[PDB]
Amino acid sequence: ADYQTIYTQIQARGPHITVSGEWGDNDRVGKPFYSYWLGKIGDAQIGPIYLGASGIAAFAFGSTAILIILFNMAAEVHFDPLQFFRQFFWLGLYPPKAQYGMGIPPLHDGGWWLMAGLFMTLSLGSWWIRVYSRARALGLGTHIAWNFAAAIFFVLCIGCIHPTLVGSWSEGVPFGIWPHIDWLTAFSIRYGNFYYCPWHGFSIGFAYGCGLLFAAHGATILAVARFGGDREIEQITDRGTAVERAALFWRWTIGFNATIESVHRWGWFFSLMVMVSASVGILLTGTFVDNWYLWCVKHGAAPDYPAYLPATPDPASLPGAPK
């Protein structure tokens, strides 16, 4: 077996490299240090970190959002520190419970939620600028930023775009561990079972495919690490036996194959499509479809099944039944 694919047997140390960027080389703070146990399964060097304007703006806005959330959470346990740790998972900051439409809600019923939403959104935009500009500063393409953009766009969809399209802030995602989980069922119940939303299906198809692709790609590179397949950039520009064997393994298995470069386009595309499909689904939901199951029945797609115990009429529609 190739033990190098499991962990680094003999680690190496050397002077720390610094690639210069078009700006901000002085905003790298911290002194690098080395972790021997990290170095078994990764690169041993931790830090320094770049510390630009957008990154600080992100930390500023983020912490503001975190603080607004934590304070409202603590209010929910009347500031008892012990119950706060006990009940942490169950605590939350909720959008309005009452229907104000799109009017700004009272602070006690969703205003603080809206506030925390604003500052998180600013934090996401600020970090996006960091992710984008750091690439151009180092003379790299902006591929990560465009993937990250789709992920931010999906959050905005469930956070505020879908609420504004249907016209009620009551539909946003709460802040908190269990409560953001509870939203998923409330939403799916409201809109007629999300299994029958084709864009749920698409998103899941791509999410599962990301698991398929990264398992397959990761396994492939490790299987050709003896020929240096991990050095992918130079295998793109000068095809070595590593990527020839990787390409032929798949070709002989499934009948076709990618290149060392194109496999990353596949992976990038699949990842992006998780978020793009999710967003189309949310954008259609509530605006143009009210019950995804009935929409599938309307178009003849839903499965049906025999009764097992007897079919049961809606009692509310029998004559003389109470309301």
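From 1 onward, residues are counted along the sequence shown.
Entry-level comparison of average CA B-factors, 256 to 264 and 30 to 38, reporting the higher stretch: Stretch with the greater average CA B-factor: 30 to 38.
Higher-B stretch (mean Cα B-factor, as the entry records it), 189 to 197 or 101 to 109: Higher mean C-alpha B-factor in the PDB entry: 101 to 109.
Assigned third (lowest, middle, highest) for the C-alpha B factor of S133: Ranked within chain, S133 CA B lands in the highest tercile.
Chain-relative CA temperature factor third for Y50: Highest third.
Among modelled residues of the same chain, the CA temperature factor third for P306: Middle third by C-alpha B-factor.
Within-chain third of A58 by Cα B-factor, per the entry: As the PDB entry reports it, the C-alpha B-factor of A58 lands in the highest third of its chain.
Third of the chain's Cα B-factor distribution that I221 belongs to, per the entry: Lowest third - that is where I221 ends up once the chain's C-alpha B-factors are sorted.
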